Every structure is written in C-alpha cells, then in structure tokens.
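The chain contents come next:
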Amino acid sequence: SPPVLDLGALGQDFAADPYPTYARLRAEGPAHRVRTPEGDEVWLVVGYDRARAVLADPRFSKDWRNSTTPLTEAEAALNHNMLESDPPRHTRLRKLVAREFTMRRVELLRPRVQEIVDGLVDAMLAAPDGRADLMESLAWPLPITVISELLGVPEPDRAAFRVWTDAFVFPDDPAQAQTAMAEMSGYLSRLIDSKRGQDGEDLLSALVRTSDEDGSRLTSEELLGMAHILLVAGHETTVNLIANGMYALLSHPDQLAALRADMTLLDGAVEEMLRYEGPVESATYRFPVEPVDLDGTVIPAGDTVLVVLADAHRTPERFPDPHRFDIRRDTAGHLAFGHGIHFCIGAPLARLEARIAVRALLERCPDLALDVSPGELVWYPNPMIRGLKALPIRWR
Ligand code: HEM
Ligand SMILES: CC[C@H]1OC(=O)[C@H](C)C(=O)[C@@H](C)[C@@H](O[C@H]2O[C@@H](C)C[C@@H](N(C)C)[C@H]2O)[C@@H](C)C[C@@H](C)C(=O)/C=C/[C@H]1C
C-alpha cells in the first residue's frame, strides 16, 4: 500500500512539532500508511482509545516471525528479547528479570543515583559562564552510568554507546544504523564471554549463570538479546525523558514556578512530562497475525504497525486541553510506558532517575532557564524516539 504521507519530506518542522500532523490524521481515521524519515513504510495508529487497545491486542504480534518484512542479519542477532516476543517466550523471558526492577528493589539504588546526579550537576555548575548543554552534562551520562553499574559494563566501554546510540537515533544512514548494531552486538557478545566463570555479582553475570545453568530457560541468543534490551530500552528513553521534561518545564515558567513552590508535586510533574513530551513517540513494531480492521481500514497481516503514543496523549477526550503542560493534571492511564503484557519493566528505575535529576536541577541551579530560542533547537527525525540534539541552559 502506497504511503499517504512521507514524513521525511516534511523535514525538521515535523520532527520539531509532529502533533498537528498526527491530529489531522486522527480526524480522518485510526490507521494510516506512511513512510518514516528513514524510508520505512509502516502503518500509524492514532487516537488514545485505539492506541491503548492495539498495544494490548494479542492480534498484533511483536514476534518477527509474523512480519512480512525480513530482519537484517544484524537485527536477527538481537531479536530474541522479551519485547520482540509473544507468550510463552515473552512470559519466560520477562520472569527472569521482573523481580530486579520492582519499586522496592529500585528504591535501594537511590543513594547511588543521588550521588551520580549530584556529581554530574556539580560538574556542570563548574561552567565559568553559567552555561551548559543539559544533554551532554546530565541527560546522557546519568542513565548510561546507572544501567552500566547495574549490568556490569566497564566504564571505558561506555563511550562507545554514545556514538552507537547516535547512529540508532540520528543517523546519516540506513546503513550506518546497521553498522552500529553489528558493532554493539559484537561487543555485547565479548562482554558476556568476559563474565563467564568470573563469579561476578552484577546482573549480566547472574544472567550468564542462569543461561549456563539451564540453556532452555535462557539460550545464548536470548542471553545476548537480554543484555541488548536492558541496555537499549532504558537508555535513549530515560535520556530523553530528562531532557524533554526539563525543556517542557523551562519553556513553561508558570509550571516551573508551581513546582518550585511545592516540590511535593514532583512525582506528578514527571508523569506530565511523560504525557506531554514522552520520549517514545511511537511504540515498537507490531505485526497483525491476521488482517485487522480498524474503523473500516484493514491492515494486512504481516504489515508493520506503529502505535503513536504521542498522539494518544494529545487526544482531547482523554486529556482535556492536551496542548497544555499542567504538572497537576490527571495523568492516570497514559501510555508513555506502554500498556499490556509488554508494559515497561524499568518504569520504577526511570522514574527514580528522572525525579532525582529534576529536583537536583531546580534546587541547585539559581534562575535556571533555556539559553536558546526553541526555534533554534534540533529534534530527532526518528519515528520512535522524540528527542533533542542538545539543550542549552543557563543559570545565575
Ligand atoms: C523514561 C524511560 C522509559 C520509557 C518512557 C520507557 C518506555 C517503554 C515502553 C513504551 C515500552 C513498551 C514498548 C511497546 O510496547 O512497543 C517499554 C518496554 C520495556 N522497557 Fe522501558 N522505558 C523506559 C525505561 C526503561 C528502563 C530504565 C529499563 C531498564 C530496566 C527499561 C526496560 C524495558 C524492557 C525490558 C521492556 C520490555 C518489556 C516487555 O516486553 O515485557 N525501560 N518501555
Ligand atoms: C523501550 C522501547 C525502546 O525500543 C527497543 O528497545 C527496541 C527493542 C529496539 O531496540 C528497536 C526498536 C531499535 O529501533 C531500530 O533499530 C535500528 C538499528 C533498526 C530499525 N529497523 C526496524 C528498521 C529499528 O529496529 C532501537 C535500536 C531504536 C533506537 C532509536 C532506540 O533506542 C529506541 C528505543 C525505544 C523505542
């Protein structure tokens, strides 16, 4: 089916503000064939109700064996993860790490996350001119530092994830993203082998042991896929929640003032950051196992479907006055972390990081503000991730 719109042709204007386009589409129907800025042809599902339903609908699979579109060699190497599986494989894989990310288990990481944030912020505050780029100084370093310590990724090996992730989000090429994947995949395999038999206590070491104890519970391919998903799934997302959220807060002085006046509104503010400018613009690939009809529009089986969480969050019927960033707004039911069996397992960790980061910036940066007109900001064209290239800020 030919695309009705080529998102790439819309340019940076769409990347910066995609909402009007999604809403115009929603006004004419729930499903639309489009071409992403990358060149991929997929279906977009818009509207909160339809989005929510599709996310949990078992008729839409995440197993590539149900996609008419073949996986590339590199992707086929990291495909065996819970997010790209259906029950029972998904059920088995998720159980292996579910207990690791509960709210109570994550709470024990507060002291260390707080140290990391205080460290990064104080380093940022060393700027002789009271200016810095929040992405480079805090948004990017925080999540990678936290997850690497949890998984056991050596400090020296983290710089490479900077370049690799930039390739995944913001290429320069189709090809390039694949190259980055092959590189990272190769690295993960070597990191896993370096753990085997070393008696480490980090999560990756424990997973390696789990795989060695029972290859049926976690195969070599699934072990590699687990390392991949735990590193990727929470990196780019958390990074952009922090940057996007602060951008939202700093571009709405009234909300900043409100949070300043009552820090107990912090948790609600982070939830509205997810609703208003969540990092996941469109969910990961879903494939109908059978032809599915959405309000008259039939999506053929095997086709690629992207649920546009960004649009669901701007649906008036569900979030009144959607264009307004209101930190005290009712956010119950948002889909920023997904919905259904694939609901984010790292949500408590992401919230811990964001809440601690947001508070530190507000309590230690006197007169914190954006140091650039918003029209000068550059947003990623990637269909799944909503994010900035940089976020220049200033303080007294
Ligand atoms: C602000 C940060 C985060 C956001 C907005 C986010 C969002 C999401 C979303 C939308 C999904 C579902 C995607 C879909 O259904 O297509 C998901 C799945 C997942 N996320 Fe997160 N995530 C974040 C942080 C994390 C962190 C910190 C971890 C690390 C533990 C993580 C690990 C995962 C995993 C493993 C899954 C797969 C769940 C499954 O398939 O059962 N996420 N996340
Ligand atoms: C928590 C949701 C994150 O998504 C994922 O973890 C999934 C499993 C993932 O890693 C893929 C969606 C990647 O997206 C793309 O990767 C390219 C190299 C190939 C491309 N292909 C389908 C055309 C597509 O799979 C992931 C590396 C994407 C980047 C931008 C990312 O970090 C997003 C993460 C969340 C959406």
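X-ray crystallography is the method the PDB entry lists for this structure, together with a resolution of 1.75 Å.

Draft legend 1. Examining the overall build of the protein more closely. Scanning the protein for helices and strands turns up 17 helices and 11 strands. The C-alpha radius of gyration of the protein comes to 21 Å, within 12% of the 21 Å expected for a compact globule of 396 residues. Its C-alpha atoms give the protein principal-axis dimensions of about 60 × 55 × 40 Å.

Draft legend 2. Representation of unusual backbone geometry within the structure. Cis geometry is found at the peptide bond from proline 87 to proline 88, where omega equals 0 degrees. With respect to the helices, strands and loops of the structure, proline 88 is situated in the loop between α4 (73-78) and α5 (89-95). Residues other than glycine seldom take positive phi values, yet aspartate 321 does so here, at roughly 50 degrees. Tracing the backbone shows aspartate 321 in the loop between α16 (309-312) and α17 (347-364). Phi is positive for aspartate 367, close to 60 degrees, though the residue is something other than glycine. Locating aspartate 367 in the fold gives a position in the loop between α17 and β10 (369-370). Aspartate 367 gets classed as exposed once you look at its relative accessible area, which sits at 59%.

Draft legend 3. Region of the structure containing the site of ligand 1. Inspection of the region around ligand 1 gives 27 residues, with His90, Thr284, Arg286, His342 and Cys344 positioned closest. Contact distances for ligand 1 include 2.7 Å between an oxygen atom and a side-chain N or O atom of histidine 90. Note that an oxygen atom of ligand 1 is positioned 2.8 Å from one of the side-chain N or O atoms of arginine 94. Only α5 and α13 (220-250) provide two or more residues apiece to the shell around ligand 1. It is α13 that contributes the most residues to the shell around ligand 1, 6 residues altogether. In terms of residue class, the shell around ligand 1 is built from 16 nonpolar, 8 polar and 3 charged.

Draft legend 4. Quick peek at the sheet that holds strand β1 (residues 5-6). If you trace the 4 strands from one edge of the open sheet to the other, you get β1-β2-β3-β9, paired in mixed fashion. Every other strand in the sheet has two partners, leaving β1 and β9 (305-307) as the edge strands with one partner each. Two strands pair when backbone bridges link them, and β1 and strand β2 (residues 31-35) are joined in this way by 2 bridges, in the parallel orientation. Residue pairing for β2: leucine 5 is matched across the bridge by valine 34.

Draft legend 5. Local environment of the packing of aromatic side chains. One pass over the structure, following the stated rule, counts 12 aromatic pairs. Summarising the aromatic geometry, the rings of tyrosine 276 and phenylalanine 325 are spaced 5.1 Å apart at their centres and angled 40 degrees between planes, so their arrangement reads as tilted. With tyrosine 276 in helix α15 (residues 266-277) and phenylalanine 325 in the loop between α16 and α17, the pair connects residues that are 49 residues apart, well separated along the chain. A residue is classified by how much of its surface remains accessible, and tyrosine 276, at 10% relative accessible area, is buried. In this structure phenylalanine 325 comes out as buried when scored by relative accessible area, which is 1%. Feature note: the residues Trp64, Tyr285 and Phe287 constitute an aromatic cluster, connected by ring pairs.

Draft legend 6. Seen up close, the site of ligand 2. Ligand 2 sits among 18 residues. The nearest are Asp40, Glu75, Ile229, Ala233 and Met384. Contact distances for ligand 2 include 3.0 Å between a nitrogen atom and a side-chain N or O atom of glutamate 75. Here ligand 2 has 720 Å² of accessible area as a free molecule, and 88% of this is covered by the chains. Put simply, the parts of the chain that give the shell around ligand 2 at least two residues each are α10 (159-169), α11 (174-195) and α13. With 5 residues, α13 is the largest single contributor of residues to the shell around ligand 2. In terms of residue class, the shell around ligand 2 is made up of 11 nonpolar, 4 polar and 3 charged.

Draft legend 7. Broad picture of the nonpolar core. Of all hydrophobic cores here, the largest spans 95 residues; its most connected members are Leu142 and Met246. Each residue touching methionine 246, except ones within four places of it in the same chain, is listed here: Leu134, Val358, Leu361, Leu362, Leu368 and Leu391.

Draft legend 8. Just the environment of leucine 120, in detail. Mapped onto the fold, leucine 120 is located in helix α7 (residues 110-124). In this structure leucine 120 comes out as buried when scored by relative accessible area, which is 19%. Residues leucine 120 and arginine 33, 87 residues apart in the sequence, show an inter-C-alpha distance of 43 Å. Once you skip the residues sitting within four places of it in the chain, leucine 120 turns out to touch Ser137, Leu138, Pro141 and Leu142.

Draft legend 9. Representation of the coordination of the iron atom of ligand 1. Its sole protein donor being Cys344 (SG), the iron atom of ligand 1 sits 2.7 Å from that atom. Looking at the element boundaries, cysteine 344 is found in the loop between α16 and α17.

Draft legend 10. Inspection of the UniProt feature "binding site: heme" in the protein at higher detail. With numbering aligned to this structure, UniProt lists the feature "binding site: heme" at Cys344. Excluding residues that lie within four positions of it along the chain, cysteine 344 makes contacts with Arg94 and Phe337.

What counts and what doesn't
Residues numbered from 1 in each chain as written, not as in the entry; some residues may be left out. Chains lettered and ligands numbered in written order. Heavy atoms only, no water. Residues with missing side-chain atoms left out of burial classes, pairs and counts. Helix = DSSP H or I, 4+ residues; strand = E, 2+ residues; numbered from the N terminus. Rg over C-alpha atoms; globule rule 2.2 N^0.38 Å. Buried < 20%, exposed > 50% of the residue type's maximum accessible area, 1.4 Å probe, protein only. Near = heavy atom within 4 Å. Polar contact = N/O pair within 3.5 Å; in protein donor to acceptor, adjacent residues only side chain to side chain. Nonpolar A, V, L, I, M, F, W, Y, C, P; charged D, E, K, R; others polar. Pairing = 2+ DSSP bridges. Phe/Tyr/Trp six-rings, centres within 6.5 Å; stacked < 30°, edge-to-face > 60°. Areas by Shrake-Rupley, 256 points an atom, 1.4 Å probe, with all protein chains shown as cover. Core = buried A, V, L, I, M, F, W, Y, C linked by side-chain atoms within 4.5 Å. Contact = heavy atoms within 4.5 Å. Donors = N, O, S within 2.8 Å, 3.2 Å for Na, K, Ca; no water. UniProt positions renumbered as here; feature names shortened; annotations may be inferred.

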